[PDB]
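Structural overview
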Amino acid sequence: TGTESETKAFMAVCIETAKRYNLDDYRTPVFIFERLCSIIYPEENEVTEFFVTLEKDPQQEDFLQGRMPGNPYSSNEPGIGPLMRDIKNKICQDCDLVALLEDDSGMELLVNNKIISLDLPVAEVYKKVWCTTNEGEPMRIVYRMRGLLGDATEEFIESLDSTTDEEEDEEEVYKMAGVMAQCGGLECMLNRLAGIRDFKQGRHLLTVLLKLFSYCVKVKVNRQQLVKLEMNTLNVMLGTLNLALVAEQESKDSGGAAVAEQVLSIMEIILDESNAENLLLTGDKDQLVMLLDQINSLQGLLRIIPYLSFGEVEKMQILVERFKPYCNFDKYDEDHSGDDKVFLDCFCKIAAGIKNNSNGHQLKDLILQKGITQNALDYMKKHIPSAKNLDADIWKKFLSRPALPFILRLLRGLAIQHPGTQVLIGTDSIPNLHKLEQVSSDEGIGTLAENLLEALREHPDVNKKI
């Protein structure tokens, strides 16, 4: 408990003593890194059970009906939290204030002779109002009905002073999170992740590690370092994500989904920082295989897919030959299931998420050579109504087909930063797409047509055509 320089020295020595411990012991690093995370952002005591005392107004005791014997009220009890509107409702129900329950502004809660808006959370109000002068004391609230005693003279706090969410030095309450990056502590926890081979005995260590990583990825110097290839973070946490996914598949409700979405966040932030300023950074397409089967088991992993698609054609061909047959839009309109529509949306999102790179361009060209874009063009040419008036029942029936919005989505995804797809779509489907643009539907078919037109507008010839 002191200055910043001594804090930095203490964390340097903390990483130093973390080093000497091996990669197999799974207990002491838990404590070291949870201490790191706790002193990273000073934890605020969010008590799961804090007593709330709801007392009548001494000047309005006679007017209020019914006494409440439940004081003090526990937070875990129903009617207390997470919003003080629930507290007001509980007060009305206990005091049989049926009329006042419906009226939100007819009754007010006073804390330290201050008015608090009903929308503010109970925990935040207790921490920022009651704890400022009466820390360690029961949460006292005086309920009084508005109007009899004249205009309120107490201060009204509509909103509380939240933490500084701007970029002040935003890793400033996370200044600690740059310290071990400066001293080279990042590789220590990276090897700690590299040393994880079990999920049953490594849930707590992984949890503290991901929490500290989420705290640290909001640091300029941390993400700048993570851009570098020397510490090869991508492979390590891709392996950890794969382990989490297989553990989740083995046993449901083991916490795998939460850790998976946190890893997804670390992907999106790391790749965004890297692109702000790689072929072997993510590896070949070998891991793309079981990533695809996990997909078969949402935008984050589909956006990661192109980065992991820097490999051999015999593995993108698996994706292509799995995603081709179920695009039978004739059969889809005739008969399709929920799995088919999930699979179609996955295909559309994959097409949307293809990055503009050499291997991405190769994948797009290979997909186009399969004629699935040609299949979509044939489906529009065959099934679009020829009626000039767009309000005809034929047009509405055509819009009612579930395949059309997905086809528009996949065409837009294949038509971004791809001249060949743009030329192919704009060769003959321009009048049909323009007609579909003018029509508004409950499924957003017109909006999707407009987006597809904008995507095709990248090519100057197609833009001139439109």
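Residues numbered from 1 in each chain as written, not as in the entry; some residues may be left out. Part of a larger assembly, values for the part shown. Heavy atoms only, no water.

cryo-EM is the method the PDB entry lists for this structure, together with a resolution of 3.1 Å.

Description of the packing of helix α9 (residues 220–227) against helix α11 (residues 256–276)
Filter applied, for reference: Note on definitions: angles span 0 to 180 degrees between N-to-C directions of axes, and those axes are lines fitted to C-alpha atoms, for helices only across the stretch in contact. Working definition: helices are DSSP H or I runs of at least four residues, strands are E runs of at least two. Numbering for both runs from the N terminus. Relative orientations are named as follows: roughly parallel for angles under 35 degrees, roughly antiparallel for angles over 145 degrees, roughly perpendicular for angles from 65 to 115 degrees, and oblique for any other angle. We call two residues in contact whenever any of their non-hydrogen atoms come within 4.5 Å of each other. Ten residues, namely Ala, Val, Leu, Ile, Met, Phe, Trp, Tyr, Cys and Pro, are considered nonpolar, four, namely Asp, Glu, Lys and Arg, are considered charged, and the remaining ones, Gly among them, are considered polar.
At a closest axis distance of 9 Å, the pairing of α9 and α11 adopts a crossing angle of 80°. When the axes of α9 and α11 are compared, the pair comes out roughly perpendicular. Across the interface between the two elements, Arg223, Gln224, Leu226 and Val227 from α9 touch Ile269, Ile270, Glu273 and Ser274 from α11. Along the lines of polarity and charge, the residues of the contact of α9 with α11 split into four nonpolar, two polar and two charged.

Here's the deal with the nonpolar core
Condition: Only buried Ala, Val, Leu, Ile, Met, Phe, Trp, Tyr and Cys residues count toward a nonpolar core, and they belong to the same one when joined by side-chain atoms within 4.5 Å. Residue exposure (1.4 Å probe, protein chains only): buried if accessible area is under 20% of the type maximum, exposed if over 50%, otherwise partly exposed.
Core analysis: the largest hydrophobic core is formed by 110 residues, its most contacted members being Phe33, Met189, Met267, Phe329, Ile407, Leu436 and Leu452. Residue contacts for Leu436: discarding those within four places in its chain leaves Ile384, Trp395, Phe398, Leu399, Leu404, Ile445, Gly446 and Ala449. Counting residues in hydrophobic clusters, the runner-up holds 27 residues, among them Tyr73, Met84, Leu109 and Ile157.

Digging into the packing of helix α2 (residues 28–40) against helix α8 (residues 203–216)
This is how it is decided: Two helices cross in a left-handed way if the nearer one is turned anticlockwise from the farther one by less than a right angle. They cross in a right-handed way if the turn is clockwise.
Their axes nearest at 9 Å, the elements α2 and α8 cross at an angle of 30°. As far as their axial angle goes, α8 and α2 are roughly parallel. The two elements α2 and α8 cross, and the hand of that crossing is left-handed. Within the contact between the two elements, α2 uses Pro29, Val30, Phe33, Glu34, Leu36, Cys37 and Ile40 and α8 uses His204, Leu205, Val208, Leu209, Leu212 and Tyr215. Residues of the contact of α2 with α8, tallied by class, amount to eleven nonpolar, one polar and one charged.

Focus: the environment of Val439
By the element assignment, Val439 lies in the loop between α22 (430–437) and α23 (445–456). Distance in space between the C-alpha atoms of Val439 and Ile354 is 28 Å, their sequence separation being 85 residues. Residues in contact with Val439, not counting those within four places in the same chain, are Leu390, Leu399 and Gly446.

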